[PDB]
Amino acid sequence: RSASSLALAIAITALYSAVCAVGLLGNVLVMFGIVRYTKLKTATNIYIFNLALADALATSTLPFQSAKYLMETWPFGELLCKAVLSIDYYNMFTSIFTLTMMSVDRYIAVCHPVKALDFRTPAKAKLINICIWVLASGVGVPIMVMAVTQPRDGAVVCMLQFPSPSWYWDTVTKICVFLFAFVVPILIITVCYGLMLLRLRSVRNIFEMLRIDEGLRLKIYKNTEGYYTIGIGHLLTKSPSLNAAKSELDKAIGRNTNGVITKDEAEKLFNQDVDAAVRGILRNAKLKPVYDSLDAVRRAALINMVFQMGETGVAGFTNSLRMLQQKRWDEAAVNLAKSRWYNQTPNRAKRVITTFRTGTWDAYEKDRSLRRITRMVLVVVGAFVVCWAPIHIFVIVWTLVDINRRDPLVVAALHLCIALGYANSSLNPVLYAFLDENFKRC
Ligand SMILES: Oc1ccc2c3c1O[C@H]1c4[nH]c5ccccc5c4C[C@@]4(O)[C@@H](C2)N(CC2CC2)CC[C@]314
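For reference, each letter of the sequence shown is one residue, going 41 to 244, 1002 to 1161, 251 to 328 in PDB author numbering.
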């Protein structure tokens, strides 16, 4: 019995001792840092303070739990039992709560930048931390009193005593803890980060396409034709008198412009522009059936053309259109490539035409990638998910799948996973040391 169990028990005592050392001292150091210095007092970092407190509390109880696997009993007492269990559950909850609040906050920062400035204060983060701990206490305060010491045959056991029927409330608890400590929060993170990950890459819609084409300038400028244009391709007038252009600008905005407008106003014009482009596509009988017979992408390209030169001029290329609605792509590209349009603005027309030919935004794709902090938070979350996915899924499988406790193969698997889940709490401080400038310069 002992040639098997003892080696593993001692090895686990060692591992647990290491995770305890590094984990506790690291997280305490981080807490200390976020408190003392002012160059660290942001929202995200306060969240990291919460994560640190939780994980340090988790790593403090690690000796007592290695004593469990060595001595095969609980010698210390019942208050200590209550404490270790309570803390274990607390860590399990506050960790994931804090992580999803970080992901939401990061998402707010990056994806909603204009409005971020107004409610991303550190006091907000502090408030949120306190709320996290209370919602945790929702589950933690009962666990603290339902933890009790009862002698199983041959040993003294520190365990949870669900009021009879025990097994019922047991499975209920394993379920609720599977949902609200795993499935739900991970889904929230997946929505947030999914959004701020899908937004970064290339271009994928008409608006961003035209933003690449007509570009953006705040003050009045003379376009490729020599006319007075402002913002994103918005034509003001034909009159070479600049005063006329400004009068039209004040006419189309509603204040005294002074020749320069704000980006919000440029876009507020842009919308009505693409509007009229579309309404024009529908009003024109020569466009609508060629428009309705297309997929969203090539539709967007057609709208690019109409935005550039109007339904008047787009209607002219009848043969090209007939090639388009015939779905003979490369032929339509052939006819379009040789015209006045390609001659005038060659590059843009080349891109739009390629778009027409392939049915993708491939001709427009330029790839940026993440951010400093955002990528950091991503990594931290991925780490937590990797450490806690086994043990969370396992505990559910274990209570719902037969063959449990059959052999050391499985028992070793399970214990390895409990371990990994714990080791996360020591992995956190290592990560901050590589991923944040505010931590590494110190
Ligand atoms: O409902 C839980 C979900 C996930 C985890 C457990 C939960 O009840 C504890 C629990 N009961 C079990 C019964 C059979 C096999 C494993 C467990 C564990 C695992 C663990 O002891 C560990 C995993 N700690 C967390 C810590 C290792 C990360 C939290 C409390 C507990």
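Backbone N, C-alpha and C fix where the C-beta goes; we use that ideal spot for every residue, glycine too.
### Query
To which residues does DSSP link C198 through a beta bridge?
On the sequence shown, position 158 is the one that residue 198 refers to. Looking at the DSSP assignment, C198 forms a beta bridge with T189.
### Query
For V197 versus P203, is the C-beta spacing smaller than 8 Å?
One-based indexing of the sequence shown puts residue 197 at position 157. One-based indexing of the sequence shown puts residue 203 at position 163. In this structure, the beta-carbon distance from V197 to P203 does not fall below 8 Å.
### Query
Looking at the structure shown, is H301 part of a helix, part of a strand, or coil, going by DSSP?
If you number the sequence shown from 1, residue 301 lands on position 415. In the three-state reduction of the DSSP assignment, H301 falls in the helix class.
### Query
If we ignore side chains and look at the alpha-carbon of each, how far apart do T260 and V185 end up?
Against the sequence shown, residue 260 aligns to sequence position 374. Against the sequence shown, residue 185 aligns to sequence position 145. Note on geometry: alpha-carbon atoms of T260 and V185 lie some 39 Å from one another.
### Message
Helix, strand or coil for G1028? Go by DSSP, reduced to three states.
### Response
Counted from its first residue, the sequence shown places residue 1028 at position 231. Here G1028 sits in strand by DSSP.
### Query
Does ligand 1 have even one heavy atom less than 7 Å from the beta-carbon of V281?
Taking the first residue of the sequence shown as 1, we reach residue 281 at position 395. When distances are taken from the beta-carbon of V281 to the heavy atoms of ligand 1, the shortest one is below 7 Å.
### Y1018, enclosing beta strand (DSSP E) - first and last residue
One-based indexing of the sequence shown puts residue 1018 at position 221. Run containing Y1018: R1014 to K1019, per the beta strand (DSSP E) assignment.
### Message
What does the alpha-carbon distance come out to for the pair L110 and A49?
### Response
Sequence index remark: in the sequence shown, residue 110 carries index 70 (1-based). Sequence index remark: in the sequence shown, residue 49 carries index 9 (1-based). Linking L110 to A49 through their CA atoms gives a straight-line distance of about 6 Å.
### Query
Looking only at C-alpha atoms, which of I277, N310 and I282 sits nearest to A298?
As a working note, residue 298 is residue 412 in the sequence shown. Among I277, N310 and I282, the Cα nearest to that of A298 belongs to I277.
### Query
Using DSSP with H/G/I as helix, E/B as strand and the rest coil, what is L1033?
On the sequence shown, position 236 is the one that residue 1033 refers to. Note: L1033 maps to strand in three-state DSSP.
### Message
One question on the structure: do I1100 and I1058 come within less than 8 Å of each other, judged by their Cβ atoms?
### Response
Against the sequence shown, residue 1100 aligns to sequence position 303. Against the sequence shown, residue 1058 aligns to sequence position 261. Not a contact, by the Cβ cut-off of 8 Å.
#### Entry: Length at least 4, wholly inside the segment 100-152: the alpha helix (DSSP H) runs in chain order
Correct list: 102-111 and 118-151.
#### Entry: Any non-hydrogen atom of ligand 1 closer than 7 Å to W114 Cβ
Within the sequence shown, the letter at position 74 stands for residue 114. Within 7 Å of the C-beta of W114 there is not a single heavy atom belonging to ligand 1.
### Simplified DSSP state of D322, which is helix, strand or coil
Locating residue 322 in the sequence shown gives position 436, counting from the first residue. It is coil, neither helix nor strand.
### Message
Any heavy atom of ligand 1 closer than 7 Å to the beta-carbon of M184?
### Response
Sequence index remark: in the sequence shown, residue 184 carries index 144 (1-based). Relative to ligand 1, the beta carbon of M184 is positioned no closer than 7 Å to any heavy atom.
### Query
Using CA coordinates, which residue listed in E1064, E323, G194 and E112 is at the minimum distance from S42?
Taking the sequence shown and counting its residues from 1, one reaches residue 42 at position 2. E112 is the residue among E1064, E323, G194 and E112 whose C-alpha sits nearest the C-alpha of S42.
#### Entry: Whole-angstrom distance between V68 and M1006, CA atom to CA atom
The sequence position of residue 1006 within the sequence shown is 209, counting from 1. The sequence position of residue 68 within the sequence shown is 28, counting from 1. So the two alpha carbons sit approximately 49 Å from each other.
### Query
Is the number of C-beta pairs between the segment 1009-1018 and the segment 1027-1038 that are closer than 8 Å three or more?
By the Cβ test, the segment 1009-1018 is in contact with the segment 1027-1038, since at least three Cβ pairs between them sit closer than 8 Å.
### Query
In chain order, which continuous runs of the alpha helix (DSSP H) of length 4 or greater are located wholly inside the segment 1098-1148?
Counting only runs of 4 or more residues that sit fully inside the segment 1098-1148, the alpha helix (DSSP H) segments are 1115-1122, 1126-1134 and 1137-1141, in chain order.
### Query
Does ligand 1 have even one heavy atom less than 7 Å from the beta-carbon of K214?
By 1-based counting over the sequence shown, the position of residue 214 is 174. Yes, the beta carbon of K214 sits closer than 7 Å to at least one heavy atom of ligand 1.
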